[PDB]
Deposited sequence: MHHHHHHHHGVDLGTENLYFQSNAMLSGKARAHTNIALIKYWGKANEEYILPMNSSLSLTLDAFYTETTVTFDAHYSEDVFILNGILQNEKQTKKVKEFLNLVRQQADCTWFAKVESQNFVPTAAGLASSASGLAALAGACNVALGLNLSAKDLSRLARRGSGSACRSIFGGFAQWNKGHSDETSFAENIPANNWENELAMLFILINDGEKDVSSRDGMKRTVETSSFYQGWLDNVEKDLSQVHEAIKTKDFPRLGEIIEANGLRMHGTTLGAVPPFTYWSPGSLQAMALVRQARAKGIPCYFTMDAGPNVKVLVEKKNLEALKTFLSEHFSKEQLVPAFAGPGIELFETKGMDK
């Protein structure tokens, strides 16, 4: 008496940021977001629901996860079990291949979809993954994907953005180096963030249509910096940046000054991701090898959407 399933999901980098929740219970965002799914980073997850299991068990990269490390997986298992009326405890085994939490929750959503026979469409699998993490709902799709904020659980989900395979000409170079809710609630800059998101989304779409890289890069770099500005207006104010983040951002500006179009974006931690055309990736690595070690510069290209496996 057991049900099992497996999925592989790739991480994604938000180019137009998901920043702030309108609804905490359902993970409905304050604004729509847009990402690029990446080939280099992914999670493979297997789930087993078995009447003989006595508790939920989460193993990540061979290591048994403790309660706090299992908290998001357990809450997702409860959600999908309640949706399926399944009364069994589960064993989740994930292996990261190297944002990972998000790819992991996307993979778990697909694995549970398989195991419980939910037969979900891509849209409804995105809606399910959304309940685990917002970024996870975009990793259901490959290449460029947009999470549409929606007004509700039914209308908030992600879809792929057809680029005419422009995504296959791009690359990301990773430079290895409570706050969101605080910012929504207390930051005097949050409204300015909200007022600029839709214009940014529109111009990304116009840039994708014309394959205009400098336009794409300028928009997404300013979008990321606008997100980071908001935390300096929160009460109390904070930054996600580390000294190395600033060094890396300044070096990307230097790179552009030498005629390499490239553009940086950051998330909720100090690392810096650089968008560049495939042509210039190695030149950028060499330039940044002046101030950072080989182990700190990691390339990635466009990746696929979620892959489901019957067990």
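No C-alpha coordinates means not modelled. Give me those stretches of the deposited sequence in order. Going by the record, the segments left unmodelled (no C-alpha atoms) fall at 1 to 23, 122 to 127, 207 to 216, 351 to 355.
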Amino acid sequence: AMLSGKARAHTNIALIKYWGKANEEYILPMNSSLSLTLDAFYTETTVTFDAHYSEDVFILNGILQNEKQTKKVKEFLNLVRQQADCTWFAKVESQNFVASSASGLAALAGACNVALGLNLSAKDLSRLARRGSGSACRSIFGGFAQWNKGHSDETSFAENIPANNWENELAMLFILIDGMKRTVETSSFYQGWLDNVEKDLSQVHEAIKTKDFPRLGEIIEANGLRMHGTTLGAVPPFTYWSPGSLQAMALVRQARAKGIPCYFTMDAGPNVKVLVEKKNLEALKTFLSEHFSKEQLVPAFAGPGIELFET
From here on, numbers count along this sequence of modelled residues.
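Rigid core: the largest C-alpha set superposing within 1.5 Å between the two forms.
Stretch farther from the shown model on average in 7 other deposited structures of this protein, with CA RMS computed after core superposition (257 to 265, 280 to 288): Larger mean C-alpha displacement, comparing 257 to 265 and 280 to 288 in 7 other deposited structures of this protein, is found in 280 to 288.
Which of these two stretches, 100 to 108 or 78 to 86, has the larger RMS Cα offset in 7 other deposited structures of this protein when the rigid core is kept aligned? Stretch with the larger root mean square C-alpha distance in 7 other deposited structures of this protein: 100 to 108.
Output the stretch having the higher mean C-alpha B factor in the entry; the candidates are 100 to 108 and 189 to 197. The deposited B-factors put 100 to 108 ahead on the C-alpha mean.
Report the stretch with the higher mean CA temperature factor, choosing between 257 to 265 and 238 to 246 on the basis of the entry. Averaged over C-alpha atoms, the B-factors run higher in 257 to 265.
Which of these has the highest Cα B-factor in the record: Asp50, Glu67, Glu44, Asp56? Spelled out: the listed residue with the top C-alpha B-factor is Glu67.
Could you say which of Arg138, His228, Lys209, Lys91 has its CA atom at the highest B factor, as listed in the PDB entry? Largest recorded C-alpha B-factor: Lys209.
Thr286 - which third its CA temperature factor falls in, relative to the rest of the chain: Middle third by C-alpha B-factor.
Sorting the chain's CA B-factors, does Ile63 end up in the lowest, middle or highest third? It belongs to the highest third of the chain when residues are ordered by C-alpha B-factor.
Among the modelled residues of its chain, does the C-alpha B-factor of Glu221 lie in the lowest, middle or highest third? Tercile = lowest for this residue's CA B-factor.
Taking the entry's C-alpha B-factors for this chain, is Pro299 in the lowest, middle or highest third? Within its chain, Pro299 is a highest-third residue by C-alpha B-factor, going by the deposited values.
Would you mind checking where the Cα B-factor of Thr11 ranks among the modelled residues of its chain, as the lowest, middle or highest third? Its C-alpha B-factor, which the entry lists for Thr11, ranks in the lowest third among residues of this chain.
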